[PDB]
Every structure is written in C-alpha cells, then in structure tokens.
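Single-structure report; data block below.
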Amino acid sequence: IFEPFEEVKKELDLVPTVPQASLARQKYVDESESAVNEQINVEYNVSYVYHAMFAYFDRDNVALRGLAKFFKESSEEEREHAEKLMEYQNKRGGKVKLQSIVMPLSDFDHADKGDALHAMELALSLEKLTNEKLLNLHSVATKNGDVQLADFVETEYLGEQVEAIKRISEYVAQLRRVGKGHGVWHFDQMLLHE
Amino acid sequence: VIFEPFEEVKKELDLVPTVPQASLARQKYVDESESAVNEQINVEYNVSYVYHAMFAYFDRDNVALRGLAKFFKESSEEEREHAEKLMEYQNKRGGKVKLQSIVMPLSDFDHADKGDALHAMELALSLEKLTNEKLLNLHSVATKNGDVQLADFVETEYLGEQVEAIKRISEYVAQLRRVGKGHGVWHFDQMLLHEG
Amino acid sequence: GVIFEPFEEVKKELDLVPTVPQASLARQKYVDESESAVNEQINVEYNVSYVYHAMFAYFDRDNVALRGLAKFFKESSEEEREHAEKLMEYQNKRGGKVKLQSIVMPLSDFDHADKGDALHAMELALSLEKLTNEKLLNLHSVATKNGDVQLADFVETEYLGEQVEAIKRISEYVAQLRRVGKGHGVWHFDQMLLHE
Amino acid sequence: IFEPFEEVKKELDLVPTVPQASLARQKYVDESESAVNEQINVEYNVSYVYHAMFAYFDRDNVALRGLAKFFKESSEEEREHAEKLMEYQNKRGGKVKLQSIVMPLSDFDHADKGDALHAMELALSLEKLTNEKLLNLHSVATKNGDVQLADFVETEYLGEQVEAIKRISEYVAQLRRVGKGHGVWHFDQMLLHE
Ligand SMILES: [Ca+2]
Ligand SMILES: [Ca+2]
Ligand SMILES: [Ca+2]
Ligand SMILES: [Ca+2]
Ligand SMILES: [Ca+2]
Ligand SMILES: [Ca+2]
Ligand SMILES: [Ca+2]
Ligand SMILES: [Ca+2]
Ligand SMILES: [Ca+2]
Ligand SMILES: [Ca+2]
Ligand SMILES: [Ca+2]
Ligand SMILES: [Ca+2]
Ligand SMILES: [Ca+2]
Ligand SMILES: [Ca+2]
Ligand SMILES: [Ca+2]
Ligand SMILES: [Ca+2]
Ligand SMILES: [Ca+2]
Ligand SMILES: [Ca+2]
Ligand SMILES: [Ca+2]
Ligand SMILES: [Ca+2]
Ligand SMILES: [Ca+2]
Ligand SMILES: [Ca+2]
Ligand SMILES: [Ca+2]
C-alpha cells in the first residue's frame with residue numbers, strides 16, 4: 001500500500017533551503033555533473049575548430065565556397081550541441097561550468113592531400129574523437145547508475161554521431177575519388193548546393 | 001546466418017496458449033515485472049488523486065489562486081494519463097492490470113510560515129521526486145530481471161518527462177520564494193494562470 | 001582552465017584513417033561479432049518477409065478468397081523487408097559490410113481442417129513474430145555483451161517496442177478469430193481486416 | 001447458333017466442389033503453372049541481387065549515392081515484378097510455390113573496370129538473363145497453346161524488359177566514356193538526380 005503523504009514526509013524535508021542550491025537535483029552525482037561539463041567543452045571546441053576551417057576556406061585565394069559553407073553551418077550546429085547539454089545540465093540541477101577554449105589551427109593546406117581532402121579527414125577525426133568523448137560521458141553515467149543521463153546521451157547524441165561520422169566519411173571517399181584540381185572544385189560545387 | 005523459420009518456429013507454435021484466460025502475447029515477461037508495473041500504475045493514480053485534492057483546495061473562494069488551481073487540475077489529468085499508459089503497456093506485454101486502493105489524500109494545504117502556494121508547490125516537488133524514485137525502482141526491477149523492453153519503455157516514456165516535470169516545479173518554488181507572500185504570490189499565480 | 005585540446009587528441013584519430021580503398025572510414029568500436037550478428041538479423045527479417053509473401057499468395061487464391069488476410073500478409077511482407085533494409089542501412093552506417101545470406105523455401109499451403117485456415121495462419125504469424133522477438137533480443141544481448149552502446153540502443157529504439165506492438169496486434173487477431181468461429185464469423189473478421 | 005443452358009449444364013457440373021481446388025482454373029496446364037513459378041523465382045532472385053548491389057554502393061568508403069539509389073529502387077521494382085506474377089498465378093488458378101533464394105555476391109569492386117562500370121555491366125547481364133527467361137516462359141505458353149499467358153507476358157513484361165536493357169546499356173556506355181575517378185563520380189551525380 002503506497003501512502004504518498006507518509007513516504008513524502010521525508011522528501012519534503014530534503015527540499016534545499018539555501019538560495020544557491022538546486023531544488024531539482026536528484027540522484028545526479030558530482031562526477032556526472034562534471035562529465036556533462038566536459039562534453040559541453042568538447043562540443044564548443046569542435047564548434048570553434050569548424051569556425052576556423054570556415055575562415056580558411058572563405059579566403060579569396062582558397063575559394064572553396066561549398067566547404068566554407070559546410071564548415072560554417074557545422075560550427076553553428078556544434079554550438080547547438082553544446083547548448084543542448086548546457087540546458088540538460090540545468091534540467092538535472094547541475095551547474096554549468098564553461099571552460100577555456102584553446103586556439104585552433106588556422107591553416108589547412110596540405111601539399112600531398114590537398115586542402116579539401118586534408119580538412120575533411122581532420123573533420124572525420126574530430127567527429128570520431130567527439131564520439132569517443134560521448135561514449136566516455138555514457139560510461140560515466142553507467143558507472144554511476146544514472147539511468148536518465150545515459151538515456152539522454154543515447155537518444156540525443158549517439159545515433160546522431162554515427163550519422164555524422166558516416167556523412168563525413170562519404171565526403172572523404174568522394175574527395176579521394178575525384179582527385180585534386182577540377183575534381184575538388186566540382187565536389188565543392190556539389191557541397192555548395194547539397 | 002543460417003535460419004529456417006518453419007523449423008525454429010516449432011518451439012513457439014506449440015507454446016500458443018489454448019485456454020481463453022491466458023495471454024497470447026506474453027513473452028519473457030516475468031511475474032515480478034508484471035507486479036512492479038501494477039505498483040507503478042498505483043503510484044501514478046495516487047499522484048493524480050493528490051493533485052486533484054490540491055486543485056480542490058486552491059479552487060476555494062477564500063483561497064482564490066486560480067493559476068494554481070488550474071495547474072493542479074491539469075496536473076491531475078496528466079497523471080491519470082501516465083497511469084493509463086502503464087495500464088496499456090501491461091496489456092501490450094500480456095500482464096494483467098490490477099488496480100489497487102487509493103488512499104484518502106490531505107485536503108488542506110495552508111501553511112502559516114510558507115504560505116499556501118509555496119507549501120503546495122514544495123509538496124508537489126516532493127511528490128514528483130518520490131515518483132521519480134519509484135520509476136527508477138521500476139527500471140531497476142526490469143534490469144534485475146533482464147527485461148530489456150520494459151526497461152526501455154520506462155526510460156523512453158517516463159524518465160526524461162519526469163526530469164522536465166521536476167525542473168518545472170522547482171522553477172515555480174524558486175519564483176514563489178523570490179516574490180514573497182501577498183501581492184507577489186498573487187502575481188505569480190496570475191502568471192501561472194496565463195502561462196503558455 | 002584547459003581540459004581539452006582537440007588538435008593534440010585528434011592526432012591518434014588521424015593516423016588511424018584507412019588508406020586501403022576497401023576499408024570503411026567510418027567504422028569505430030564496432031567489432032566483428034556485432035557486424036556478424038547484424039547480418040544474421042537481416043537474414044531473419046528477410047526470411048520473415050518471404051514467409052508473409054507466401055501466406056499472401058495462399059490467401060489470394062480464388063478458392064480461399066480471404067481478401068483481408070491476403071492484404072494483411074501482403075502489407076506485412078513489405079514491412080518486414082523494410083525492417084531488413086533498415087538493418088542493412090545501419091550496418092553501413094557503422095561501417096560493417098552487409099552480407100546477404102540464402103533464403104529458404106517457405107511453406108506454400110496454410111490449410112487446416114480443425115482450426116481453419118485463417119486461425120491457423122494467424123497463430124503461425126504470432127509464432128513467427130515471437131521467434132523474431134527472441135532473435136532481436138539475442139542481437140541486443142550480443143551488443144550488450146560486447147559493450148556496443150549504440151548498437152544496443154538502435155535495437156531497443158527501432159525494433160523492440162515495435163515488436164511488442166506487433167505481437168499484441170496479432171494476438172488480438174487470434175483471439176477474435178477464436179471468438180467468431182469458422183465460416184460466417186471468419187469471413188466477417190476478414191472483412192473487418194480488409195477495411196481496418 | 002448457341003444455347004447457353006444446353007452447353008452450361010455440363011460446365012456447371014465441372015465446377016470443383018472440394019475446397020482445396022481452384023474454381024477459376026481453366027485451360028492452364030501444369031507446365032505453364034510451373035513455368036510461372038520459375039519466373040517468380042527469377043524475378044525475386046534479381047531483386048535480391050540488386051539489394052546486394054545497393055548494400056555495396058551504400059558503403060561509406062564506396063560512396064556512390066546515385067548507384068546506391070538506382071540499385072535500391074531496382075530491387076523494389078524487381079520484387080514488384082515477382083508479385084505481379086504471383087498475382088497472375090492466382091488469377092489463373094495455379095498455386096504459387098516460392099522457392100529458395102541463393103546467397104548473392106556481396107562485393108562488386110573491380111580493379112580494371114572500376115566498381116561502377118563492373119556493377120552496371122553485371123546489371124546489364126542480369127537483365128539480359130531475365131529477358132531470356134521471360135522469352136522462355138512465353139515459349140512454354142506457346143508450346144502449350146496457352147494464349148492468354150503468352151499475352152500477359154508480352155503485354156506486362158517484354159516491352160518493359162527492352163526498356164530496362166536499353167537504359168542500363170546507356171549507363172554502361174556513359175561510364176566507359178567518362179572514365180574512372182572524376183568522371184565516374186560525375187556520372188553518379190547525374191544518376192542521383194536523374
Ligand atoms: Ca557534435
Ligand atoms: Ca539556439
Ligand atoms: Ca556544486
Ligand atoms: Ca535508451
Ligand atoms: Ca537519436
Ligand atoms: Ca545518406
Ligand atoms: Ca507522473
Ligand atoms: Ca486518455
Ligand atoms: Ca497471472
Ligand atoms: Ca537503457
Ligand atoms: Ca521521453
Ligand atoms: Ca523551460
Ligand atoms: Ca520484423
Ligand atoms: Ca524502401
Ligand atoms: Ca571485414
Ligand atoms: Ca520504438
Ligand atoms: Ca490497439
Ligand atoms: Ca525484372
Ligand atoms: Ca506491392
Ligand atoms: Ca496442383
Ligand atoms: Ca503474341
Ligand atoms: Ca508493356
Ligand atoms: Ca530514353
């Protein structure tokens with residue numbers, strides 16, 4: 001027999017009184033809170049790197065407008081991934097802690113591979129690294145028995161990340177097939193209108 | 001790899017129940033899981049009833065907090081929906097729903113120190129946290145018993161929603177504390193009354 | 001407070017990019033056992049699609065003339081092929097290699113003197129759906145045992161809840177067929193299904 | 001010149017009474033029924049092979065999206081061809097007998113020709129094989145004097161098969177003209193948006 005007011009007597013007492021404490025926080029341990037903050041920083045870093053890549057391909061002497069557009073839009077998307085995690089942190093009553101963002105590379109030319117292929121391979125590696133970080137976040141949730149955090153990560157991030165990795169892998173493959181010069185420019189035109 | 005449907009189908013073909021009272025659908029759904037689902041149905045129905053009591057209090061002419069009355073009324077209906085979804089789930093899995101008794105709730109929600117509004121929102125927050133604990137319990141029963149789909153159902157249909165409900169009410173508690181009793185509470189209530 | 005340095009940590013991720021043309025660029029933490037298990041499930045779904053197509057072909061006979069059942073099995077076959085295709089697409093998303101396997105010859109006749117054709121076929125369909133559920137849970141188990149988080153989640157999300165609903169749907173058909181009885185009742189049930 | 005009820009009472013007593021017998025079947029001999037079941041299996045097999053082709057070209061490292069889409073659509077179309085023959089079998093009161101489907105090739109790479117050209121040449125060969133089988137089915141119908149079966153095959157299948165063969169032949173020719181690399185990728189873009 002479940003008596004709400006009997007079993008809720010204790011709960012009503014646990015309600016925080018000091019203004020700075022979260023009222024919502026429940027079964028959300030410090031390590032989980034910190035793991036979410038770490039992932040916010042990972043997504044924000046990738047956003048920043050993509051913005052650097054946009055800035056490179058937007059150069060008049062590089063003039064790959066499709067790549068510039070793709071990286072510009074990707075940068076915006078990554079910031080949204082970071083923001084979703086910041087909002088999640090607050091839903092669970094953790095405190096968002098934005099960390100420093102390191103200076104990214106500015107130049108993406110590559111003598112052998114060519115700038116386009118080099119940049120897409122870097123992007124692929126960045127998305128694979130992001131996947132590793134997400135799987136680490138998931139591992140922290142699972143270790144700490146945080147069922148809803150693990151579900152949130154699976155549902156909002158993991159499937160999406162698999163799709164992002166396949167998408168970029170396909171770009172790498174196509175850039176390898178078309179080759180430098182005319183081929184790269186044409187692939188770029190495709191991307192511009194994709 | 002190699003797979004012969006008509007050969008392997010033998011197992012389950014002669015496992016099709018023949019007595020009218022037995023579930024045809026039930027598969028890898030143990031009694032403990034069925035019982036835990038019935039327990040959660042009762043938890044949700046209970047919360048629905050408590051919110052209905054809170055509605056009835058704030059709907060009093062001398063209390064006259066129309067925003068809170070509306071919020072609790074809608075919350076009661078939503079809770080009943082949560083119970084019903086679990087009743088439907090029980091039947092999807094071939095378990096038998098067993099509705100249990102519902103206890104008489106408190107009727108008065110006044111509080112000298114906190115004021116009625118803040119007291120009731122704090123109670124609502126505590127009820128939602130208690131419900132979260134019970135939902136996570138249900139998830140634990142499923143995981144312990146190895147019921148993959150029951151665990152997935154609880155996470156997917158209930159857990160994220162419960163986190164949202166808790167933050168929502170926490171924000172109400174915070175605002176009520178900030179505005180203070182009297183004019184502030186009344187103003188907060190007006191906000192809640194017209195809240196989108 | 002620098003806790004993450006992308007260009008330092010990606011160096012490993014970069015010197016791991018395949019240069020051999022036949023190798024997947026996307027594949028990451030997706031082991032052979034998981035790839036094999038997904039290929040097995042593709043074959044399970046394709047086999048079920050084929051069986052449903054055989055059942056369609058039987059109920060579409062002029063002398064059987066149960067148009068509702070024929071329509072149901074025809075649609076079920078198409079849906080099952082979609083289940084197979086979604087797994088083929090998933091295999092490629094993860095950078096596994098799809099390997100389609102042989103499909104065995106299904107039964108062609110679904111007559112049954114005592115149960116009647118309709119009830120017999122629905123009971124068979126129920127058993128096939130329960131069998132598929134066992135197979136899906138087996139796939140989930142392979143993922144969980146190997147620690148493939150996203151594969152487990154894909155199976156839960158895209159297949160397991162759906163399978164539970166499919167099982168209840170067909171269980172209800174079996175129950176109704178048993179209630180209405182052979183002859184006029186079965187024909188009437190079939191009309192309902194034709195227009196459901 | 002013609003009295004329906006004189007000639008019909010003999011026909012009326014020929015109407016089957018046992019529930020397992022087709023009521024519709026008329027002038028449809030076992031050889032024709034068998035030949036129709038054979039063609040069902042041919043079409044279903046081609047459907048499966050096309051699905052294998054789709055699965056190959058949908059690989060991230062192959063990344064020919066136009067070819068993948070073409071083979072995916074061809075697979076669905078081929079299954080429809082099989083289903084139409086299944087429906088026809090039932091119209092004539094024959095009994096459909098689905099047969100086993102063999103494991104198809106999974107890899108379609110080719111060092112000399114390149115993957116795209118090789119796959120299109122294989123597709124052309126498959127469609128020519130299907131055409132031969134359809135013509136054989138027509139031959140069986142004619143040998144047995146089944147006028148309507150012959151007509152069904154020529155009306156519903158033979159013209160379509162000629163179109164399919166020209167279509168794929170044109171793809172082979174274009175792939176040969178554009179050459180490997182940038183050319184193949186461009187052809188694939190054309191096919192993707194065709
Ligand atoms: Ca991201
Ligand atoms: Ca935004
Ligand atoms: Ca803290
Ligand atoms: Ca999940
Ligand atoms: Ca998702
Ligand atoms: Ca795609
Ligand atoms: Ca609830
Ligand atoms: Ca309702
Ligand atoms: Ca029982
Ligand atoms: Ca889970
Ligand atoms: Ca949810
Ligand atoms: Ca909000
Ligand atoms: Ca299925
Ligand atoms: Ca499809
Ligand atoms: Ca391999
Ligand atoms: Ca689902
Ligand atoms: Ca229903
Ligand atoms: Ca064909
Ligand atoms: Ca169709
Ligand atoms: Ca026969
Ligand atoms: Ca002719
Ligand atoms: Ca024609
Ligand atoms: Ca033309």
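Every chain is numbered from 1 and lettered A, B, ... according to where its sequence line falls, protein lines coming before strand lines. Order of listing sets the numbers, starting from 1, for every ligand and every atom in it.
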Distance-only polar pair, side chains of A/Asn41 and A/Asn37, donor-acceptor under 3.5 Å: no

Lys/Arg-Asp/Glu bridge criterion (N-O < 4.0 Å) met for D/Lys143, D/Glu31: yes

Parallel, tilted or perpendicular, as decided by the 30° and 60° cut-offs, for the rings of A/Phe71 and A/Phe57: parallel

Total protein N/O/S atoms whose distance from the Ca ion (ligand 1) is less than 3.0 Å: 4

Whether D/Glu76 has an N, O or S atom under 3.0 Å from the Ca ion (ligand 14): no

Basic-acidic side-chain contact under 4.0 Å: C/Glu75, C/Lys71: yes

Cation-pi, C/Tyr159 ring and C/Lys135 (6.0 angstrom, 45 degrees): no

A/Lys128 side chain near C/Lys29 side chain, heavy-atom distance below 4.5 Å: no

A/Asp115 side chain near A/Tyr56 side chain, heavy-atom distance below 4.5 Å: yes

The single option from A/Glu132, A/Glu38, A/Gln39 passing side-chain contact (heavy atoms from CB on, under 4.5 Å) against A/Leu137: A/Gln39

Non-hydrogen side-chain atoms of D/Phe152 and D/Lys84 separated by less than 4.5 Å: yes

Distance in Å, D/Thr130 OG1 paired with D/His81 NE2, rounded so as to fall on 0.5 Å steps: 9.5 Å

C/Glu85 atom (N/O/S) at minimal separation from the Ca ion (ligand 14): OE1

Polar protein atoms near the Ca ion (ligand 21) [N, O or S; cut-off under 3.0 Å]: D/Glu154 OE1, D/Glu154 OE2

